[PDB]
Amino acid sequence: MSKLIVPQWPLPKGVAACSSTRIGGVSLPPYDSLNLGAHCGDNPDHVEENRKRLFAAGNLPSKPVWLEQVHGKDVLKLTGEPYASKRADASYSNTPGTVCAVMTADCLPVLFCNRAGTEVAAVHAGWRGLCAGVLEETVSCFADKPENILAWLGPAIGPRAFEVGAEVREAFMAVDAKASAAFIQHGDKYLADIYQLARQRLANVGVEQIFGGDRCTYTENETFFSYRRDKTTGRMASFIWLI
């Protein structure tokens, strides 16, 4: 009964993508059902069961190439299983069968693929990496032209729960003063719209086509895990790959 989100976009013929929810797994509170993360304290066998179940649900051709997400802006081109460091917050693939995966629980998941369906990419974009331009570095790994790139914004904490400090807002404006529209005042802090921020950097890059960005990990607690909300909790993941 694993419920799986399918990105609403003109998915190209040779591309398959899926994003998970906290439902249909086997873990117990505070990671109650489909927790894919192996680093939040959950029962290690349950995490294996959840992964085994989601891979089947998603018809993944092979195991996802999990990164060592350090909230930076480095993109790891999945050229071949023999890697040095998997340390990074994005992956790019031009290889059929290889699975791009990003692990999240509030941070912005973003999936990319060219219209021809010959190259994909997955990104975990927290504010720091977002601000440092992880989306720009990902896009630049694409041989194709921005014009031909599709971007899907996965479930993340929305503009009603993503409360951030004044530095975060000033951090963004100090790169593209137009980020001012993504912040609304809420006391000595602001309510940021990570989707709006992504769209801006994406536009700056040329990517005219963007979908998703209509969910909230924090608010829809019955569907997603949320680090901001629960502190100790499970993890969801977004996957893309060339068939």
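Start at 1 and count along the sequence shown; that's the residue number.
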| item | value |
| --- | --- |
| Between 179-187 and 55-63 (mean CA B-factor, as deposited), the higher | 179-187 |
| Between the two ranges 8-16 and 230-238, the one averaging a larger CA B factor in the entry | 8-16 |
| Member of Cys107, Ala101, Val110, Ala143 with the greatest C-alpha B factor (per the PDB record) | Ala143 |
| Selection by C-alpha B-factor (highest) of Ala84, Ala161, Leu130, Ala156 | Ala84 |
| Cα B factor band for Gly72 (lowest, middle or highest third within the chain) | middle |
| Modelled-residue ranking by C-alpha temperature factor, third containing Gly206 | highest |
| Assigned third (lowest, middle, highest) for the C-alpha B factor of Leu135 | middle |
| Chain-relative CA temperature factor third for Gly80 | highest |
| Third assignment of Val123 from its chain's C-alpha B-factors | lowest |
